[PDB]
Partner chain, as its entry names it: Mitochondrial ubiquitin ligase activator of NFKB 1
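Given next, in structure tokens, is a single chain: the form solved without the partner chain.
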């Protein structure tokens, strides 16, 4: 059966996202592989990323949803939990992933991470340092990066 067990779930999630999208994010395959999706997230209003559209790539494992998907940013973003390669630290993407967790919930968690970053347990130590020591500087830099790369 190869990975059809995962493809059933992936198609069901795509149908669910298409019928009722959150209107602040989108997701779906734009290429030739059902395992590879593109997603878009609108920057939250309560964050310096307001007005930016951030693109993400989703790579589904062959045994989805037993293993979590590989979600990575493709638009450059200034955030202490997202590195220059787009990797995201969410604690539900490799360590506490459980079935019945949907891609939509992952997008909502990423949006929440954008709204309220995590200084401790960082992925980029320098951005976390600037975030902890100067909030105005962090917000200005994040706004500049959002205007440059997500607008």
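Positions refer to the first chain, counted from 1.
A.B. asks: If you take the mean CA temperature factor per stretch, which one wins between 138-146 and 11-19?
C.D. replies: Going by the record's values, the stretch with the higher mean is 11-19.
A.B. asks: Please compare 34-42 with 99-107 and name the stretch with the higher mean C-alpha B-factor in the deposited structure.
C.D. replies: Per the PDB entry, the higher value belongs to 99-107.
A.B. asks: Determine which member of 82, 53, 92, 27 has the highest CA B-factor, using the values in the deposited entry.
C.D. replies: It is 92.
A.B. asks: Lowest, middle or highest third: where is residue 119 by C-alpha B factor in its chain?
C.D. replies: Ranked within chain, residue 119 CA B lands in the highest tercile.
A.B. asks: Would the CA B-factor of residue 47 place it in the lowest, middle or highest third of its chain?
C.D. replies: Its C-alpha B-factor, which the entry lists for residue 47, ranks in the middle third among residues of this chain.
Keep in mind the form solved in complex with the partner chain is missing from the figure; the text below concerns it.
A.B. asks: Using the partner position in the bound PDB entry, report whether residue 134 sits within 4.5 Å of the partner chain, counting heavy atoms only.
C.D. replies: Looking in the bound PDB entry, residue contacts with the partner chain do not include residue 134, since no heavy atom lies within 4.5 Å.
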